[PDB]
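Read the figures in this text as sums done on the coordinates, not as results from a lab. All Cβ positions, even for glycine, are placed from backbone atoms using ideal geometry, and neighbour counts span all protein chains on display.
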Amino acid sequence: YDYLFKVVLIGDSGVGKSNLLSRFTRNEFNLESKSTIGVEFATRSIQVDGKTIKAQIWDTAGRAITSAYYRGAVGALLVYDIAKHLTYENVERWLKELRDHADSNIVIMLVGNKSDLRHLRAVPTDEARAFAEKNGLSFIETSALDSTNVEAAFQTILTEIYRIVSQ
Amino acid sequence: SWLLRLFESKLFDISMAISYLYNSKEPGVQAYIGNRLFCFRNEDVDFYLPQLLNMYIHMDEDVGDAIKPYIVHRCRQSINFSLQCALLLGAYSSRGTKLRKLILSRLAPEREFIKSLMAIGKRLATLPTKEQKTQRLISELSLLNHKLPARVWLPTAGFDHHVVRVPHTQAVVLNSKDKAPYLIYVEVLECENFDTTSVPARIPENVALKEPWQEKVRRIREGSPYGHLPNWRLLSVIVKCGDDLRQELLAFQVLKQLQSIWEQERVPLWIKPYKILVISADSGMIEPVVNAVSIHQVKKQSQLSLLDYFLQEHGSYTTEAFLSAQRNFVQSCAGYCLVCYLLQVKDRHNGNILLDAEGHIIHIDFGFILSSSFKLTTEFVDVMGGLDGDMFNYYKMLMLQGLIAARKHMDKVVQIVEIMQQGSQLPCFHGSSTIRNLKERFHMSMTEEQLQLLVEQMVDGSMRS
Ligand SMILES: COc1ccc(-c2c(C)nc3c(NCCNC(C)=O)cc(Cl)nn23)cc1S(=O)(=O)NCCO
Ligand SMILES: Nc1nc2c(ncn2[C@@H]2O[C@H](COP(=O)(O)OP(=O)(O)OP(O)(O)=S)[C@@H](O)[C@H]2O)c(=O)[nH]1
């Protein structure tokens, strides 16, 4: 276990932070859900550029005062539900969030989740990626249900982090 | 994964979808199903349009929001669909309003076509006799043919089409009541798709009696400008300008399912759902059954007893036409007995039962059902060959067979009714335990020996008068 990366999951309640974590970390999904009370913890290790990184993932909530866990995190997945525009709208307030309670030099991925709900899409991929590169966020769309881009999501942010090699 | 497991199984149908959609409090599920609607066949989902639209109105926003996308999608690809949506949206709210206005926003021709039909009916109110009403109608219908063909269709038609002509001379008013309903014949040219095809060109125009349906088409067709085209077909609707049809629709759905249930199982009961079109909570149209007339008027024109009429019209007890008619009699009776029983249909009389040319009976006035507050008269038993008769015994056998069948698919029926009760001001839901009483009437707990006895008891009740 060469390294230890602390990563947080943030987003509005219901967008799928908690199911993203269970897919990525234990390859499990559930339609039925329990609101996350405070924080939930799960962990998984990967290799990038020949190196073993164990990642520690914190599943927070939309119980507003979870802000504490943000500190000392190298990466944060900020998640919105592609099918509920309101959840995408608060992403501006969610990036305002990290710019109040979290490292100003933290790796963020914007994540559109529930890409399987093709017919209910309320946030166009173009509009999102536009805000993505309008800002300093990396971007991807996932489905926790079918598992699309779920590995990709993690592997992107973990690769991005290791790219912080200090000389 | 255990839930999603089911939803991804073959077991998943539009029926089930709605149930979970109706019951589940998990918004992730509601939203999941909202999406899955698109994969189902338009036809299957269509049957449940009143439910979906009802829920949209009366349920949590979460529930609505999952449904809306699909609706709009269908609305965008079918104005028929659009129409039917719009009409239902309106009838069932007196949330909804927001969506109706959006849909109507194009459909003006049809809405004026429909307004006019309704308007016609309201005028006949000043004419106190059936016959007087009839004459105003025919005249005023003649006025319709102006704008002869137009971008309007009968939603109640099994198919897509354009209305070209109204053979006004053939139309009739059905009773002498204040806001009497009225029957009309309509000429149409069939489409492959309504939404994409030019309205046909006018063809310049230049007698009504009691006759079978195929004979009336001949007469109307031969007289019609458009009658030469292969494209030409004749439709019919009853227009009720002042009668609520939401119960009428509900019974339809219930009838239609039961019809399926007995078809799926192999129970040769017979029933006939007649299509319903809700226009307002006030008003509607009905697609009428052809080649059939009320028993009561069948007894006033024949001067016969029911059995005798059978004998006159089909033949002696040794004829095929009769035994066939007798079987169809018996089967339509058991069917309609069960329907009356399950739905607790009341106000049952020979004015509300039709007889078709093949021998089936057909019940019609589905006011007085369920919580709102069938007769085996000896005249009926006679047609069956009498109480000791084999054909009568078979009637008892069909009722049990169909009751047993009914239990095996109870939830699909109850679903239909139970969803509809939502936020409902229908008189049939007046009770506290409307749905609960309905389920009890399925006797899910009973053994078949108990049910045999219950069927026997049922028949006995129907005879007392
Ligand atoms: C109570 O609701 C109804 C239910 C069914 C029918 C109906 C159907 C499906 N088919 C027919 C029908 N057959 C006509 C077919 N044409 C032919 C034989 O050529 C005649 C009549 Cl009166 N009604 N009817 C009519 C009414 S009603 O509103 O007009 N009341 C009715 C109270 O009387
Ligand atoms: N179609 C589809 N539904 C999803 C997806 N992800 C989650 N859902 C649904 O979101 C709902 C709950 O999401 P969940 O991830 O547990 O909460 P959260 O996003 O972490 O937020 P919280 O309530 O705990 S504070 C579940 O019903 C779940 O099935 C997805 O990727 N596709």
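In segment B:281-388, one over the average inverse separation of all distinct C-alpha pairs is 14.7 Å, which is the Kirkwood hydrodynamic radius.
The calculated pair-distance distribution of segment B:1-105 uses every alpha carbon pair, bins of 5 angstrom beginning at 0, and gives 2, 12, 26, 25, 19, 10, 4, 2, 0 percent.
Global dimensions of chain A from alpha-carbon coordinates: Rg and Dmax equal 14.8, 48 Å. Couplings 3J(HN,Hα) for segment A:95-103, derived from phi with the Karplus relation 6.51 cos²θ - 1.76 cosθ + 1.60 (θ = phi - 60°), are 8, 5, 3, 4, 8, 10, 10, 8, 3 Hz, where x marks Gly and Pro.
Over all pairs of different C-alpha atoms in chain B, the reciprocal of the mean inverse distance, the Kirkwood hydrodynamic radius, equals 24.0 Å. Measure out, as a whole number of angstrom, how far apart the alpha-carbon centroids of segment B:403-426 and segment B:144-166 sit. Using only Cα atoms, the two centres lie 34 Å from each other. The mean number of partner chain beta-carbon atoms within 10 angstrom of a residue's beta-carbon across peptide B:18-30 is 2. Note that segment B:309-321 has calculated 3J(HN,Hα) couplings of 4, 3, 5, 5, 8, 10, x, 5, 3, 7, 8, 5, 3 Hz, one per residue in order, obtained from phi through the Karplus relation 6.51 cos²θ - 1.76 cosθ + 1.60 (θ = phi - 60°); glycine and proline are x. Amide H to amide H distances under 5 Å link residue A:5 with A:54, A:55, A:56, where only residues 5 or more positions off or on other chains count and H is placed in the peptide plane.
What separates the Cα centres of segment B:356-386 and segment A:81-130 is a distance of 62 Å. Looking at the protein assembly as shown, the pairs of alpha carbons with a distance over 45 Å make up 36% of the total.
The mean number of partner chain beta-carbon atoms within 10 angstrom of a residue's beta-carbon across peptide B:248-261 is 0.
For residue B:256, the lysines whose Cα falls under 21 Å of its own Cα, not counting residues fewer than eight places away in the same chain, are B:272, B:275, B:346, B:408, B:412, B:439. Whole-percent P(r), segment A:102-156, all Cα pairs, 5 Å bins from 0: 4, 19, 25, 24, 18, 7, 2, 0. With N as its number of residues, segment B:276-342 has a Cα radius of gyration that, divided by 2.2 N^0.38 Å, comes to 1.46.
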